[PDB]
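To start, the structure itself, in structure tokens.
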Ligand code: CLA
Ligand code: CLA
Ligand code: CLA
Ligand code: CLA
Ligand code: CLA
Ligand code: CLA
Ligand SMILES: CCCCCCCCCCCCCCCC(=O)OC[C@H](COP(=O)(O)OC[C@@H](O)CO)OC(=O)CCCCCCCCCCCCCCC
């Protein structure tokens with residue numbers, strides 16, 4: 001529905017979706033490659 | 586911040602234990618625990634249920650500064666209208682009381698003004714700040730070295 | 012039938028989801044400044060201001076309450092699921108005295124797997140302090156499958172609550188007359204909810220909880236104990252455990268109730284094996300209150316002319332000093348939701364305060380008294396909940412006074428008389444607050460100065476000038492003698508706090524007499540001072556919300572306004588909302604002192620370890636009596652001494668608490684940005700920053716604005732309370748988990 | 002007492018007079034605006050300084066300005 | 003001089019103080035078309051009687067608040083109230099409305115007061131008027 | 005049987021009649037106090053007030069003061085009472101000097117500069133006498 | 009020392025009906041709205057009582073009888 | 001309260017005046033001055 005699409009596109013939903021995307025990226029990277037103090 | 590850094594570094598220098606500051610100042614919990622918590626052991630024991638030593642006056646001034654610092658908060662947070670209405674009620678109480686109506690004020694009691702309230706809160710705040718830090722510093726250094 | 016509804020009043024559509032701010036006329040137009048955002052999140056759930064029709068407001072309230080019920084159901088189902096899947100409840104059940112409860116497991120990602128400490132039995136996880144394990148053991152839980160089924164049922168109930176809200180608003184909305192059947196509502200909610208709930212719980216306990224707990228306390232392994240339905244299916248086991256069950260239900264209908272004495276007792280005290288209350292005592296208790304509540308029902312006239320009328324009772328209780336008496340209150344409490352909210356919030360907050368103060372003295376759950384962390388956590392948590400609810404009552408009462416109070420319907424009634432001698436009330440209350448604070452806190456400061464000056468014989472202590480609480484000691488003596496003398500059929504005292512023997516389980520004191528001395532006198536009167544001051548602030552907010560000698564028209568200005576202006580010398584913080592904002596801090600202060608007193612007294616005079624000989628060694632020894640009389644004692648022997656476990660928590664499983672401890676000390680300080688400053692400075696700073704962003708042609712269309720004065724105060728108080736409470740929470744949890 | 006000044010940018014919307022709770026302001030005939038009326042402050046000794054008139058003024062900057070000055074019993078708005 | 007039956011009131015602690023008999027008080031009088039309940043600015047509700055009324059208050063702001071309530075919160079709008087200042091000696095000074103026409107609407111014969119012939123941005127700099135007992139707006 | 009009404013039949017004053025403020029017993033008892041009696045000269049008023057306010061002041065500092073467990077106990081109580089009475093007399097004199105400046109209305113003899121001066125002097129004398137008589141009563145084996 | 013209770017006997021019955029009868033006597037002279045709502049067939053056998061009034065007075069009689077029986081069993085007879 | 005410095009009797013009399021006599025006299029004089037109506 002158009003109203004549902006408009007609600008999903010509001011500021012809090014976008015900000016939280018982007019934050020979870022970034023957090024998932026960082027968490028997965030830190031899981032598969034932890035303890036990166038510098039480019040060795 | 587300046588005085589905390591200077592004092593902790595010089596405590597390490599004078600005691601010869603520079604490594605403690607060197608490895609504990611990189612994180613804030615070391616500041617909280619190794620500097621504040623550790624160096625208050627002798628200050629707050631100036632007067633005990635057991636007796637009194639020469640640091641008793643400094644402990645009293647330490648608590649005194651904490652108290653004045655706290656007191657400034659209510660000139661800084663609570664504002665005028667509340668106290669104005671409270672003083673209105675007190676004025677009613679005085680004017681309606683027998684044997685106290687024989688005594689009357691010359692200047693009508695009012696609450697402190699906004700700018701005066703900010704100034705008084707800042708004054709109590711600064712006095713408490715200075716007294717608390719001075720008491721803590723003197724007591725800690727005197728107990729450690731003096 | 013008194014049911015009256017309207018069919019499909021509001022269509023179910025998604026369009027309004029795409030237009031935030033639809034409820035408000037001032038916000039649905041579209042944002043021009045950032046304030047439009049903050050208003051949107053602030054005026055959302057204020058249905059009274061949105062519309063003038065009372066019926067629509069009531070419908071919205073009904074469905075919103077359905078929504079909160081659904082949320083609470085989801086929370087309960089989550090608790091049960093996380094106790095069923097990620098907990099050692101089955102392990103703890105076999106060895107309750109050697110395994111710490113734990114129901115939260117932490118993923119190892121960035122080293123937080125260190126939080127998964129060793130809780131015993133080979134299980135690694137976060138220790139819980141809610142006491143859910145003891146509640147589940149008392150409820151008869153023995154397997155994780157039952158907990159999983161409970162979680163599934165909770166999720167189903169949450170979905171049903173959501174559907175109920177949708178149906179009873181968007182489809183079949185009740186009429187206003189339906190909501191105002193206060194007699195019918197009170198009857199159904201006293202007899203059908205409290206009485207029926209108590210009867211159902213008594214039935215569950217008698218037919219499920221007592222047999223399982225009796226077998227568990229004897230020494231039977233959890234897996235050997237029969238499943239709860241097997242007791243009902245084969246009553247031979249029930250008759251074996253309790254002989255009177257062989258008699259069946261015949262004595263109940265013939266009033267030969269005494270035969271049921273074996274499983275319906277009046278023992279009183281604590282169960283030696285578990286340290287909790289006897290389940291037979293609880294069974295007769297909940298049965299008795301069920302009977303009492305069902306009898307308390309059938310009291311208000313609903314449909315058959317047989318019953319009392321609330322309006323008649325209210326208008327009949329009037330006297331000489333009170334003019335019209337309780338007249339017009341029925342119309343107040345049947346036309347304004349805010350007055351009902353105020354009364355219910357005050358009573359409920361006091362109720363949770365009573366819960367906190369009574370659940371620790373007579374611990375109802377098995378193995379709860381010996382888990383000091385759970386005791387402290389439960390006490391403090393429900394204490395804070397009660398304080399917040401009381402402040403909310405003080406707020407929403409002023410809201411009612413500003414909005415729903417009408418002078419036409421209140422002439423010479425109790426409300427008007429209250430509004431007439433409000434100056435006398437406030438003046439006398441202010442005087443009593445000053446007197447209490449002066450004399451009590453001056454006893455404290457006087458003791459401090461006497462100790463600092465080397466004159467301990469001039470202090471206010473048990474060795475020095477006594478100041479003994481003779482009345483509290485007398486009532487403790489009376490309650491200690493009550494079994495046999497004034498309650499002949501009781502076997503032991505209501506609690507061992509008043510007096511008696513020392514009940515200790517697993518070499519840990521569960522409950523021993525709590526002696527009151529000079530320090531207890533001082534602290535209890537300090538509590539009285541703080542409570543009277545908070546009451547003074549909230550009462551001044553409620554009474555003076557309409558007007559005052561300074562501003563005679565505050566009612567027209569609204570309930571939430573920052574000031575009237577810099578005139579009249581300065582009129583800052585005159586609204587009722589400002590009185591709530593000021594009372595929040597004093598509630599925090601009073602409750603902090605209360606929880607500090609509870610923690611220190613519990614650690615110093617009750618909790619501890621009992622030797623095989625019988626000697627009791629307390630957590631902090633007997634230092635409360637000789638240290639809690641000076642502020643220096645409170646600072647050194649309570650904060651500095653007991654904060655060691657939270658400052659030395661780094662590198663261990665408790666490290667999180669330590670982190671959170673510092674977190675609190677941060678946010679509190681952060682709040683001082685908003686409380687100490689004003690918005691013009693920030694507006695000018697935002698002007699400069701807006702110029703900066705404009706130079707690069709990146710200025711936002713939604714013009715940024717500094718927070719409003721009211722918003723600034725609200726943000727300051729919120730972050731302040733959050734920081735302080737989080738600090739206290741971390742400190743208490745670390746200390747209580749580090750004292751065995 | 003406080004001072005109240007009205008500048009020549011007034012448009013004669015009379016909002017300031019309506020907003021004043023102590024009847025300090027007045028509407029007098031004028032010619033500089035389309036409404037041909039301007040605000041005035043004859044009874045300025047009763048002003049308390051609540052700035053409601055300033056809040057009510059819709060011009061780009063307030064065509065009515067209040068400068069707080071000497072404080073009397075009336076200015077403090079005291080009832081005792 | 004000042005005539006009118008006082009409204010029936012039970013008495014409250016929010017009323018006058020010694021200032022009334024020492025400095026001044028204020029009086030508000032109005033004609034009521036029916037005996038009906040209104041709200042005291044000092045706290046409480048009182049009934050006002052058919053015909054003349056007369057009420058003594060401590061501040062002009064309270065009198066004008068009562069006048070606003072009379073003008074707004076009654077369908078038979080009461081537009082005839084009069085506010086006087088009563089001195090301890092006995093002098094009564096007519097305050098509101100000044101000329102009998104409400105200040106909200108423009109009436110001829112009034113005199114402009116406090117009106118400046120410039121805009122707010124044209125005020126003189128303080129440094130040009132310092133060491134004189136004047137302020138930029140005073141000039 | 006309405007017992008609470010307006011203050012002297014005036015609803016619009018900041019007060020209302022109560023069985024505590026406008027009771028017949030209350031008015032009779034408060035009007036017969038030394039400060040409110042009829043026909044008393046101001047110096048006699050001061051004598052009567054000071055006698056009581058100095059007699060009762062001996063109490064504290066005797067069972068509570070620094071010297072409360074020795075033979076210098078009643079002496080300390082007496083000295084503290086005398087010093088408090090002296091400070092009270094100084095405060096009374098300053099209030100009389102400040103309040104009554106110039107215009108001396110003769111409606112009340114107490115509310116007058118010379119009347120207040122006599123009241124302060126009588127208060128000092130009465131406080132001395134009351135404190136000393138209380139000391140004499142509370143002492144044992146006096147010279 | 010559990011309180012003594014009485015097994016069912018004709019005496020306990022007689023107490024029950026006595027309490028119910030006196031509760032009827034009380035209800036006839038106290039209830040403001042004696043007949044409101046659902047009535048019962050063949051009136052004037054119940055003193056002009058509706059269903060609600062009858063159930064209320066019967067329940068009150070049962071409560072009185074339970075209290076009296078338990079109290080009397082606590083003492084003698 | 002007892003000292004071994006030269007002229008140890010001075011604080012026995014100087015401190016009370018600085019403690020009581022001087023503050024009280026100053027309080028009285030300032031209170032009279034700030035409250036003296038008229039003449040400025
Ligand atoms: C002639 C008939 C008769 C007789 C001989 C008795 C005799 C007895 N009844 Mg009894 N009773 C009767 C009729 C009778 N009852 C009726 C008609 C009812 C129904 C209303 C009851 C309901 C009843 C209850 C509910 C209880 C008794 C109990 C008792 C026994 C102890 C009473 C006592 O002195 O201890 C009590 C003496 C005291 C001094 C204690 C009073 C202090 C209380 C706690 C004050 C509480 C204040 C209250 C909560 C606040 C008011 C609420 C508000 C609505 C005003 C005693 C054997 C008690 C029992 O079984 O004991 C084992 C008991 O709990 N009776
Ligand atoms: C009060 C309720 C409550 C709370 C606080 C928790 C808390 C927790 N649960 Mg839990 N749980 C609950 C109820 C609850 N549960 C219920 C009712 C069930 C039954 C269905 C479960 C079933 C459950 C399982 C099966 C597991 C947990 C786990 C966990 C832990 C990891 C957190 C997590 O799952 O995030 C994980 C991270 C995310 C969910 C982030 C994903 C992105 C989110 C959803 C963003 C939301 C927006 C998204 C983009 C979708 C858009 C929606 C939009 C249209 C509105 C954490 C302690 C885990 C655990 O403890 O493992 C050891 C685990 O495995 N829970
Ligand atoms: C026996 C009848 C009965 C019962 C049990 C309730 C119960 C309740 N009413 Mg209620 N009510 C009733 C009759 C009843 N009402 C009548 C007749 C009226 C009209 C006069 C109202 C009008 C009314 C209003 C206007 C409001 C309530 C609200 C509430 C809830 C308050 C929240 C609470 O107590 O948390 C405790 C919560 C629980 C114990 C969870 C209960 C979950 C469901 C709903 C209970 C169903 C029980 C049912 C008998 C089936 C169980 C039997 C068997 C399966 C075991 C509560 C669930 C408030 C609300 O919105 O809540 C929805 C509210 O604002 N009531
Ligand atoms: C049964 C409980 C209850 C109910 C139904 C209401 C209902 C209402 N209240 Mg009320 N209130 C309550 C309890 C309750 N209140 C309590 C206990 C207090 C004392 C704190 C207050 C204080 C209060 C005030 C001061 C005001 C209301 C207002 C209102 C009205 C709606 C506006 C509103 O607050 O929504 C908007 C709600 C919010 C914007 C809350 C969001 C911000 C919260 C505080 C953050 C919480 C953070 C959380 C605790 C931790 C998060 C940590 C983070 C790191 C994630 C409405 C009538 C307002 C009004 O005037 O209505 C007429 C109003 O001004 N209430
Ligand atoms: C309210 C708090 C409080 C109280 C009750 C006390 C009490 C006491 N202090 Mg102390 N003190 C306090 C705060 C307090 N202190 C503070 C904050 C400080 C500064 C940090 C000090 C510093 C201090 C010193 C330095 C000394 C004391 C000493 C004393 C003792 C005797 C001297 C005294 O105060 O009484 C004497 C009496 C008065 C001061 C006047 C009391 C006024 C009366 C009692 C009011 C009564 C009102 C009346 C009942 C109304 C009746 C109405 C109607 C019936 C007519 C006494 C036990 C001395 C001592 O040696 O202790 C053993 C001492 O040397 N105090
Ligand atoms: C400003 C400088 C200063 C300060 C802070 C002190 C402080 C002190 N002196 Mg001291 N003194 C000073 C200068 C000062 N002295 C000088 C210059 C002399 C030589 C005349 C003395 C001679 C002196 C004696 C003989 C004694 C003290 C004593 C004391 C102690 C008791 C309190 C007191 O001063 O009252 C008593 C002391 C005086 C009144 C001395 C007069 C003050 C000097 C001469 C003038 C200072 C004026 C000052 C600048 C005003 C500033 C105004 C400002 C606050 C706005 C105290 C530690 C007493 C002591 O040892 O007690 C333990 C004591 O017996 N003083
Ligand atoms: C127990 C020891 C520790 C606590 C001691 C403290 C007691 C202090 C005061 C005595 C209570 C007297 C109540 C009688 C008073 C009483 O019962 O009034 C009842 C009376 C109403 O009488 P009527 O019969 O006209 O009332 C009809 C009513 O039913 C209304 O419809 O109300 C008044 O007279 C006004 C109330 C003045 C109240 C004065 C304010 C008192 C505030 C302080 C009370 C503090 C108690 C705190 C501790 C609970």
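Residue numbers (PDB author numbering), protein chains in the order written: chain j, 1 to 40; chain b, 586 to 731; chain a, 12 to 751; chain c, 2 to 81; chain d, 3 to 141; chain l, 5 to 147; chain k, 9 to 85; chain i, 1 to 40.
Idealized CB from N, CA, C, for every residue including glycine.
**Request:** Determine whether the Cβ of residue 39 of chain i lies closer than 8 Å to any Cβ atom of chain l.
**Result:** no
**Message:** To be precise: take each residue of the stretch 561 to 585 of chain a, compare its Cβ to all Cβ atoms of chain c, and keep it if any distance is under 8 Å. Which residues remain?
**Reply:** 561, 564, 575, 576, 577, 578, 579, 580, 582
**Request:** Kindly list the residues whose CB is nearer than 6 Å to the CB of residue 39 of chain d, restricted to its own chain and excluding five residues on each side of it in sequence; keep chain order.
**Result:** These residues qualify, in order along the chain: 47, 49.
**Request:** Would you check if the distance between the CB atom of residue 1 of chain l and the CB atom of residue 28 of chain l is smaller than 8 Å?
**Result:** Only positions 5 to 147 of chain l appear in the structure, and residue 1 of chain l is not among them; the question remains open.
**Asked** Any idea which residues DSSP pairs residue 27 of chain c with across the strands?
**Response** c/41
**Message:** So residue 721 of chain a contacts chain b; which residues on that side make the cut at Cβ distance below 9 Å?
**Reply:** Those within 9 Å of residue 721 of chain a in chain b number zero; the least Cβ separation is about 12 Å.
**Request:** Go through its chain and collect everything with a Cβ distance to residue 161 of chain a's Cβ below 7 Å, but skip five positions before and after it.
**Result:** 91
**Asked** At a cut-off of 7 Å, is residue 18 of chain i close to ligand 6 when judged by its beta-carbon and the heavy atoms of the ligand?
**Response** Within the cutoff, so yes.
**Item:** Start and end residues, beta strand (DSSP E) containing residue 32 of chain d
**Value:** 27 to 34
**Request:** Could you tell me if residue 20 of chain d is buried or exposed, where buried requires 16 or more neighbouring beta carbons within 10 angstroms of its beta carbon?
**Result:** exposed
**Message:** To test your reading of the DSSP string, which unbroken alpha helix (DSSP H) runs of 4 or more residues are found completely within the stretch 621 to 702 of chain b?
**Reply:** 641 to 661, 665 to 680
**Item:** residue 20 of chain j: CB within 7 Å of a non-hydrogen atom of ligand 2
**Value:** yes
**Prompt:** Mind checking residue 52 of chain c: buried by the 16 CB within 10 Å criterion, or exposed?
**Reply:** buried
**Asked** What whole-angstrom Cβ distance do residue 511 of chain a and residue 504 of chain a have, given they're in contact under 8 Å?
**Response** 5 Å
**Item:** Which of helix, strand or coil DSSP assigns to residue 53 of chain k
**Value:** coil
**residue 434 of chain a - DSSP class collapsed to helix/strand/coil** = helix
**Prompt:** Would you say residue 31 of chain l and residue 38 of chain l are within 8 Å of each other, going by their C-beta atoms?
**Reply:** no
**Per DSSP, cross-strand counterpart(s) of residue 20 of chain l** = l/10
**Asked** Just to confirm, does residue 400 of chain a get its C-beta within under 7 Å of one of the non-hydrogen atoms of ligand 4?
**Response** yes
**Asked** According to the Cβ coordinates, are residue 717 of chain a and residue 697 of chain a closer than 8 Å?
**Response** yes
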